[PDB]
Ligand SMILES: [Mg+2]
């Protein structure tokens, strides 16, 4: 993306909830249920799995990103010490096998620099919000689409947001 | 016995550890504080050579 309708300076941007990272889909594991059973896969966001992932730039180091995001948006340092659980339940049809795999969702924050109404620098923070599972019913030896398993680029499973605030000097 | 003991103290990681909020107290964690008293004795010794 390029040439936004914003004045020059630095901005904190919230991109919304429901961001899943590339190549990270099945790293959490999967469950195979069958023949009328119900599978429940879930997690508890506490401690190490709640640690956010940083991607800084020369102008925007880790501390700049963290402090600006927490000043404007939800304070994730305090809120990630309180455990929060989530779960997904799916029922297999009779005489058939179902596969379900889980991957975390992230809040995507951006620190952008606008110079003459064109974004010249962008740093990105992913804060672990919750999870998201995908399921499919399969036959022995059936081919599965490559899109169900693998993700090429980071994408948002929901509608993307763009909530900007100018960082004051 | 090198003149270096605090090398394994990493200030960054320690500063990243959140504070202890929800304390589950252990009931009997202390003793009755017993003060220590001292009587100072004085000897009185005589001498002819200073
Ligand atoms: Mg807050």
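The numbers here are math on the coordinates, done by the rules we state, and not lab data. A quick note on method: Cβ atoms are made from the backbone with ideal geometry, for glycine too, and the neighbour counts reach across all protein chains shown.
Over all directions, the average projected area of the alpha-carbon convex hull for region A:1-44 comes to how many nm²? Can you show the working numbers first?
On the way: hull surface 25.8 nm².
The number I arrive at for region A:1-44 is 6.5 nm².
From the largest down, the protein assembly as shown spans 113, 60, 36 angstrom on the principal axes of its Cα atoms.
By count of other Cβ within 10 Å, fewest leading, how are A:150, B:33 ordered? Don't jump to the answer; show the numbers that get you there.
Details: A:150 11, B:33 5.
Neighbour counts put them in this order, fewest first: B:33, A:150.
Relative to one another, the C-alpha centroids of region A:109-155 and region A:5-38 are positioned 5 Å apart.
Starting from the Cα-Cα distance between residue A:79 and residue A:28, subtract it from 0.36 nm times their residue separation and give me the gain in nm to one decimal. Walk me through the intermediate numbers first.
On the way: separation 51, 0.36 × 51 = 18.36 nm, distance 2.27 nm.
Net length gain for the segment: 16.1 nm.
Given a 10 angstrom Cα cut-off, can you work out which residue in A:129, A:59, A:94 is the most mobile in a GNM of chain A? Greatest mean-square fluctuation among the candidates belongs to A:94.
Sorted from fewest to most neighbouring beta carbons within 10 Å, what does the list A:149, A:106, A:101 look like? Intermediate values should be presented prior to the final figure.
On the way: A:149 14, A:106 23, A:101 20.
Final ranking by Cβ density, sparse to dense: A:149, A:101, A:106.
Computed from label points 7 Å out along Cα-Cβ, the spacing between residue B:10 and residue A:120 is 3.7 nm. Helix-derived [θ] at 222 nm for chain B: sum -39500 (n - 2.57) over DSSP H runs of at least 4, divide by residue count, nearest 500? That calculation yields -2000 deg cm²/dmol at 222 nm. Summarising the label geometry, the points placed 7 Å from Cα in the beta-carbon direction at residue A:44 and residue A:159 lie 3.5 nm from one another.
Taking square-rooted eigenvalues a ≥ b ≥ c of the alpha carbon gyration tensor, is chain B rounded, prolate or oblate, where a/c under 1.5 means rounded and, failing that, a/b exceeding b/c means prolate? Oblate. Here region A:35-146 yields Rg over Rh of 1.16, to two decimals, using C-alpha coordinates and the Kirkwood radius.
When each of B:30, A:156 is scored by the number of other beta-carbon atoms lying within 10 Å, the sequence from fewest to most is B:30, A:156. If you line up the long axis of helix A:62-72 against the longest principal axis of chain A, both from Cα atoms, how many degrees apart are they, to the nearest 10? Approximately 90 degrees, to the nearest 10. With contributions of -39500 (n - 2.57) from each DSSP H run of at least four residues, the per-residue ellipticity at 222 nm computed over chain A stands at -2500 deg cm²/dmol. Calculate log10 I(q)/I(0) of region A:1-98 for q = 0.18, 0.25 Å⁻¹, where I(q) comes from the Debye formula with a single equal point scatterer on each Cα and nothing for solvent. So the normalised log intensities are -1.05, -1.45. Ranked from largest, the principal axis spans of the Cα set of region A:122-169 equal 62, 19, 17 Å. Across region A:58-169, the relative contact order, built from alpha-carbon pairs under 8 Å that are at least six residues apart, equals 25 percent. The ellipsoid that matches the Cα gyration tensor of region A:80-169 has semi-axes, each √(5λ) in whole angstrom, of 38, 18, 9, with the longest given first.
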